[PDB]
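In what follows, a single structure is set out as structure tokens and then discussed.
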Amino acid sequence: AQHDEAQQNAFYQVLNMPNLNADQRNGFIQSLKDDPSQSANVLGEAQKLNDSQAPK
């Protein structure tokens with residue numbers, strides 16, 4: 001967190017999602033690392049995956 005987090009913002013956001021479990025968030029992060037161009041895509045799908053798993 002306490003660094004130039006603005007650069008690695010997508011990765012940081014995927015970590016900082018309450019409803020994602022380890023396997024999910026880490027899996028998506030590795031997908032992002034594997035395919036840098038799909039940053040916005042992976043981030044969007046991570047937020048969707050989090051949202052669907054919201055207790056409400």
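How things are named: the first chain in the structure tokens is A, the next is B, and so on; residues count from 1 in each chain; ligands count from 1 in the order shown.
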Requested in this report: For stretch 20-30 of chain A, work out the shell of residues within 9 Å, counting only C-alpha atoms and skipping chain neighbours fewer than 3 positions away, then give it as a VMD selection string.
Outcome: chain A and resid 10 to 11 14 to 17 33 to 35 42 to 43 45 to 47 49 to 50 53
Q: Just list the residues in chain A DSSP gives alpha helix (DSSP H) on the backbone, as a ChimeraX atom specification.
A: /A:9-15,22-34,39-52
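Here atom CA of residue A:40 stands at a distance of 12.0 Å from atom CA of residue A:8.
Atom CA of residue A:6 sits 22.8 Å away from atom CA of residue A:51.
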